[PDB]
Amino acid sequence: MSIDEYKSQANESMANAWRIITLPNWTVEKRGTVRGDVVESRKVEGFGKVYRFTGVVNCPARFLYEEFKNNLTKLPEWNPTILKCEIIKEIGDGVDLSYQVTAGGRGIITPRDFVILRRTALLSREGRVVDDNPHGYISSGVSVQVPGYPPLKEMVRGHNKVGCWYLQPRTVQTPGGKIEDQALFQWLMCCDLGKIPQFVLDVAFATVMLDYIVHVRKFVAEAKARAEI
């Protein structure tokens, strides 16, 4: 693919993720331990069943955005569900190609690898790209083919149809009266996985998404402890 085909597909994917993740009327799949954590699903025409995690993380949304944007290769260090992450190429406008290997879930979601086209951007409330004072920070992802990264015989090549991390900044008052920045964290995931029935898939997807947030929160709490935030 040309730079332009990839940049096009990254833009289209980012607009699709933003449109989806802010659609109304979702169904609850699974609640987490932490108050407000939820995995929801919806039918989306041309995607099928999409899943969305929502919950609050105790850090500035910019901090996490910058970690995801600038330190994607370090995700394995703090997230055990991510085995490997490598930047293939960075093609401008916060667009890049990456190779990622994920761990298995309950034995439904097995280890998989992915070739991911991402755009990371700051968005207005209307989903336009801004340079500053964002309404939200987004990192969108879609699977693509990159010559040199064929499917391996020893691992299932996953296909991410649409997905994103979407962070919205929040400033709250603590119980002690401190004012501190927090982030609403949303994650949209839509895969083609077989003939495994949908009800089996729904439990396995929601469980993966709830396991992942544990490691984000641990990463945050370690950052807080070390006065990085």
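Computation of the quantities below employed the complete heavy-atom set of this structure, encompassing side-chain atoms and omitting hydrogens, waters and symmetry-equivalent molecules. Index from 1, following the sequence.
The minimum heavy-atom distance linking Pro60 with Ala183 is given by the pair C-CB, 4.3 Å. The two residues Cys85 and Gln100 make their nearest non-hydrogen contact at SG-CG, 3.9 Å. Residues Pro169 and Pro134 come closest through the heavy atom pair CG-O, 4.4 Å. In terms of heavy atoms, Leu72 sits closest to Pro76 at O-CD, 4.2 Å.
Using a 4.5 Å cut-off between side-chain heavy atoms of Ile, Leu, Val, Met, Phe, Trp and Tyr, with links allowed through other members, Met189 and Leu167 fall into the same hydrophobic cluster. Cluster membership for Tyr51 and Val28, using ILVMFWY side-chain heavy atoms within less than 4.5 angstrom, is not shared. At a threshold of 4.5 Å between side-chain heavy atoms, the hydrophobic network of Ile, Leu, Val, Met, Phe, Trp and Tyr places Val34 and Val208 in two separate groups. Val95 and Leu123 fall into different hydrophobic clusters, where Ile, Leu, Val, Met, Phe, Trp and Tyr residues are linked whenever their side-chain heavy atoms come under 4.5 Å apart, directly or through other members. In terms of hydrophobic clustering, with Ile, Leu, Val, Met, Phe, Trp and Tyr side chains grouped at heavy-atom distances under 4.5 Å, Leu83 and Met155 are assigned to a common cluster.
Between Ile82 and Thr102 there is a side-chain heavy-atom pair separated by less than 4.5 Å. A heavy-atom distance below 4.5 Å is found between the side chains of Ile229 and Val220. Contact check for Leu122 versus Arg62: side-chain heavy atoms found under the 4.5 Å cut-off. Using a 4.5 Å cut-off on side-chain heavy atoms (C-beta onward), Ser98 and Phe114 make no contact. Looking at heavy atoms from C-beta onward, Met14 lies in side-chain contact with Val129 at the 4.5 angstrom threshold. Looking at heavy atoms from C-beta onward, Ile138 lies out of side-chain contact with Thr120 at the 4.5 angstrom threshold. Using a 4.5 Å heavy-atom threshold, the side chains of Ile21 and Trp187 count as separate. Between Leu97 and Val144, the closest side-chain pair of non-hydrogen atoms falls below 4.5 Å.
Here the SG atom belonging to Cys164 is positioned 11.0 Å from the CZ atom belonging to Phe68, to the nearest 0.5 angstrom. Distance check, rounded to the nearest 0.5 Å: CG of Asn79 to CD1 of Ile213 gives 9.0 Å. The CG atom of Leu64 lies 11.5 Å from the OG atom of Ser139; values are rounded to the nearest 0.5 Å. Taking CD1 of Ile91 as the reference point, atom CG of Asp4 lies at 9.0 Å (rounded to 0.5 Å). Taking CG from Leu75 and NE2 from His215, the interatomic distance works out to 11.0 Å, rounded to the nearest 0.5 Å. Between atom CD1 of residue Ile116 and atom CD1 of residue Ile88 there is a gap of 9.0 Å, rounded to the nearest 0.5 Å.
One side chain, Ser41 or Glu29, offers a donor N or O that lies under 3.5 Å from an acceptor on the other.
Taking a 6.0 Å sphere around CZ of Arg19, one finds it holds more than 12 heavy atoms contributed by other residues, nucleotides or ligands. Other residues, nucleotides and ligands contribute over 12 non-hydrogen atoms within 6.0 Å of the CG atom of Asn70.
Of the residues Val38, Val39, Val50, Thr54, the one that meets the side chain to side chain contact (heavy atoms under 4.5 Å, CB included) test with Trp26 is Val50. With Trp165 as reference, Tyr212 is the one residue of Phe53, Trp18, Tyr212, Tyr65 to meet the ring-ring contact (aromatic ring centres under 6.0 Å, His included) rule. None of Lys69, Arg118, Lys89 except one satisfies the side-chain hydrogen bond (donor to acceptor under 3.5 Å, both in side chains) rule with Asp96; the exception is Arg118. Checking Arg52, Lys30, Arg217 one by one against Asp37, the salt bridge (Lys or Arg N to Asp or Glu O under 4.0 Å) holds for a single residue, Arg217.
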Please step through side-chain contact (heavy atoms from CB on, under 4.5 Å) for the pair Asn160 and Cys190, ending with a clear verdict. CA-CA 6 Å; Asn160 175 2; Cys190 178; 5.5 Å; no
Any chance you could lay out the side-chain contact (heavy atoms from CB on, under 4.5 Å) test for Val56 and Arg170, step after step, and finish with the verdict? CA-CA 9 Å; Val56 170; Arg170 297 288 179 261; over 6 Å; no
Derivation and outcome, side-chain contact (heavy atoms from CB on, under 4.5 Å), residues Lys84 and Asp113: CA-CA 9 Å; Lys84 180 194 296 236; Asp113 60 354; over 6 Å; no
Going through the distances and angles, do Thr22 and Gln186 end up as a side-chain contact (heavy atoms from CB on, under 4.5 Å)? CA-CA 10 Å; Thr22 61; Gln186 290 177 319; 5.8 Å; no
Tell me, with the steps shown, if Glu222 and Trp78 meet side-chain hydrogen bond (donor to acceptor under 3.5 Å, both in side chains). CA-CA 10 Å; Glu222 293 191 313; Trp78 61 264; over 6 Å; no
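Looking at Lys161, its side chain does come within 3.5 Å of a backbone N or O of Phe47 through a donor-acceptor pair. Although no hydrogens or angles enter the test, the distance criterion places no donor-acceptor pair under 3.5 Å between the side chain of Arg119 and the main chain of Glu12.
Look at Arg226 and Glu228 and you find no salt bridge, because none of the NZ, NE, NH1 or NH2 atoms lies under 4.0 Å from a carboxylate O.
Classification of the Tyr99-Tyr149 ring pair by plane angle, with boundaries at 30° and 60°, yields tilted. Ring geometry for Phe219 against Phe63 counts as parallel: the plane angle stays under 30°, on a 0 to 90° scale with 60° as the upper cut.
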